[PDB]
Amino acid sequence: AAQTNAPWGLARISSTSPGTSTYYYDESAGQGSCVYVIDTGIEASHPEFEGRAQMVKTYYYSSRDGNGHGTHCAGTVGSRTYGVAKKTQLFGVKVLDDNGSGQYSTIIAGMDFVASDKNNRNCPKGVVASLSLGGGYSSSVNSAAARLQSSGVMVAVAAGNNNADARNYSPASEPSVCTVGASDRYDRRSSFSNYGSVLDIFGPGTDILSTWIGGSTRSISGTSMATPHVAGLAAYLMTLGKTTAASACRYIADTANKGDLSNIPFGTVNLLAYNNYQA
């Protein structure tokens, strides 16, 4: 299949060079897989989700997404127009309030919940978790992410928007998970993106068009936007049976476009997520 006039991020993730506008992908579209979006929630009623999204847990007075950050990320995972895995199942875990903030005790609880809840769900192709959040270093938050990954869940986390080494940010600094950096439409490192040895892969994270609350859309930037590209790619590859949750991040790195990115500090991987689709 192909999506003409697709957002640049999707087209980039299916091409070996920048500047294209079509998104080539196998029509399986991650069907059978599940992606947990641990964020500010999801506007499950958005027409772009086609009823494939639903809230499963909130730690606040409502499960409604009053911020839009979570909805934006969920859309890059598998919305009809702006998603990587257009046929995946989306589950929303609300660990951040409508101001995009939340305590580490809540975020940890949210991750333990996904490790157990997946046993109630029908996900024969695998389970993915997308965490577009993070803060200061914390071994407990790192430990929770490692537990989630260990439980058989492909965990993807944002590297942070500090233009610094991700070693001082959690759960980004947890080596056992997949830490995603951000790049712009010209194969340059996003000026805000963090770097470091702990980074595993880069993704489109500058000027990313996706769904927003109110049945609308808008373009924002951040490693929060690059992580869902990788999460959706994982669910996509896992449906095709090319990798597993335990080795997905490694498979994406071995099949990535290498050397295309610029402004990559020495010691940081120069890898760009890529589906390697052939008709």
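One-based numbering along the sequence shown.
Student: If you average the CA temperature factors over each stretch, which comes out higher, 202-210 or 100-108?
Tutor: Mean CA B-factor is higher for 100-108.
Student: On mean Cα temperature factor in this entry, is 69-77 or 119-127 the higher one?
Tutor: Stretch with the greater average CA B-factor: 119-127.
Student: Of 239, 224, 217, 62, which one's C-alpha B factor is largest in the deposited record?
Tutor: Of the candidates given, the C-alpha B-factor peaks at 62.
Student: Among the chain's modelled residues, which third holds the C-alpha B-factor of residue 177?
Tutor: Lowest third of the chain for residue 177's C-alpha B-factor.
Student: Residue 51's Cα B-factor: lowest, middle or highest third of the chain?
Tutor: Within its chain, residue 51 is a highest-third residue by C-alpha B-factor, going by the deposited values.
Student: Could you say whether, by C-alpha temperature factor, residue 42 belongs to the lowest, middle or highest third of its chain?
Tutor: It belongs to the middle third of the chain when residues are ordered by C-alpha B-factor.
Student: Report the third (lowest, middle or highest) to which the CA temperature factor of residue 113 belongs, ranking only the modelled residues of the same chain.
Tutor: Its C-alpha B-factor, which the entry lists for residue 113, ranks in the lowest third among residues of this chain.
Student: Among all modelled residues of this chain, ranked by Cα B factor, put residue 196 in the bottom, middle or top third, i.e. lowest, middle or highest.
Tutor: Top third by C-alpha B-factor.
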